[PDB]
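Report on one structure; see the data block that follows.
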Amino acid sequence: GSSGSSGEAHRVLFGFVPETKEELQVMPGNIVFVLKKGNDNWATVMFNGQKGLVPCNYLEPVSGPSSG
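Under the numbering used here, think of the first position of the sequence shown as 96, with each following residue one higher.
Structure (structure tokens):
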């Protein structure tokens, strides 16, 4: 258990390959906490205390049991 862990968990889906200094290089099927969502096809996430941009189109919402 480490610091952070704040945001909406989303499961990355195969498709785009975010390989750059800005975009956080994540793995397929990993959990990432989404901080915000812009209108430029680039959403901000967090992983191991690292921020990076990623495609929102290639992501899925991983909510929990507590809803509604």
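Ideal Cβ placement from N, Cα and C applies to all residues, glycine included.
First and last residue of the uninterrupted beta strand (DSSP E) at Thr115
From DSSP, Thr115 is part of no beta strand (DSSP E); its letter is neither H nor E.
For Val140 versus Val157, is the C-beta distance shorter than 8 Å?
Cβ distance not < 8 Å, so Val140 and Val157 don't count as in contact.
Using only CA atoms, which one of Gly96, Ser100, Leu119 lies nearest to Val107?
Among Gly96, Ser100, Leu119, the Cα nearest to that of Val107 is on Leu119.
By the 10 Å Cβ neighbour count, where 16 or more other Cβ atoms means buried, how is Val149 classified, buried or exposed?
Around the CB of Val149, 16 or more other CB atoms lie within 10 Å, so the residue is classed as buried.
Nearest-angstrom Cα distance between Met122 and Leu154?
As the crow flies, the alpha-carbon of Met122 is around 12 Å from that of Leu154.
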